[PDB]
Amino acid sequence: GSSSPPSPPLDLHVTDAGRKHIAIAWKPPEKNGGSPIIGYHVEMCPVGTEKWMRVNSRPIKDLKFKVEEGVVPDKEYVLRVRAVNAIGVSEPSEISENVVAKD
């Protein structure tokens, strides 16, 4: 009965990882808040820090993403995803399981 950013993406999980990539997938927000979801953003943070960094250049128009930018081999990360609509940016998803950039 009002207009808001979307609720957060759901069910974020890691599908694959390597020394140079972390592949993730998620499910759409339960609610779009009153205007369609137009994109997703992925953030990455080395575990034990609060140094969240956006790892996509353009809005993601899919429910999966291969993270490559800024991945450091043998570092350990968590990820989170945000949804965007014409009102603004969602709070982030629940964070991912911990993932090491190794094979």
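Here the Cβ positions follow ideal geometry from the backbone for every residue, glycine too, while neighbour counts run over all protein chains shown. Throughout, read-outs are computed from the coordinates displayed, never taken from laboratory work.
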Within region 22-45, work out how many residues are crowded, with 16+ Cβ neighbours inside 10 Å and of a type outside the set (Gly, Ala, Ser).
12
From the list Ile37, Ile22, exactly one residue is within 18 Å of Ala83 (Cα to Cα), among the hydrophobic types (A, V, I, L, M, F, W, C) and out of contact with any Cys (no Cβ under 6 Å at 6 or more places or on another chain). Which is it?
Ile37
Count, please, the residues in region 46-62 that happen to be loosely packed, with under 15 Cβ neighbours inside 10 Å, in a loop (DSSP other than H, G, I, E, B) and not aliphatic (A, V, I, L, M).
9
Given the condition touching a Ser or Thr at 6+ places or on another chain (Cβ under 7 Å) and either farther than 14 Å from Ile95 by Cβ or not aliphatic (A, V, I, L, M) (or both), answer yes or no: does some residue in region 35-57 qualify?
yes
List the pairs whose first member sits in region 56-84 and is more than 16 Å from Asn98 (Cα to Cα), whose second member is hydroxyl-bearing (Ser, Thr, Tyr) and part of a loop (DSSP other than H, G, I, E, B), and whose Cβ atoms are under 6 Å apart, counting only residues at least 6 apart or on separate chains?
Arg82/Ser90; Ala83/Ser90
In region 7-27, is there at least one residue being assigned to a loop (DSSP other than H, G, I, E, B) and of a type in the set (A, V, I, L, M, F, W, C)?
no
Members of region 70-92 that are farther than 12 Å from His21 by Cα and in a loop (DSSP other than H, G, I, E, B)
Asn85, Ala86, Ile87, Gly88, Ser90, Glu91, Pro92
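For region 28-44, which positions are of a type in the set (A, V, I, L, M, F, W, C) and assigned to a loop (DSSP other than H, G, I, E, B)?
Within region 28-44, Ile37, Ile38 qualify.
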In region 63-78, anything surrounded by 11 or more Cβ atoms within 10 Å (Cβ to Cβ), more than 10 Å from the chain's Cα centre (by Cα) and charged (D, E, K, R) is listed as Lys66, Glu68, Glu69, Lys75, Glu76
Of the conditions (1) more than 18 Å from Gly18 (Cα to Cα); (2) in contact (Cβ under 8 Å) with a residue 40 or more places away in the chain, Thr49 fails just one. Which one is it?
(2)
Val89 being touching a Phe, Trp or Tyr at 6+ places or on another chain (Cβ under 7 Å) and in contact (Cβ under 8 Å) with a residue 24 or more places away in the chain:
no
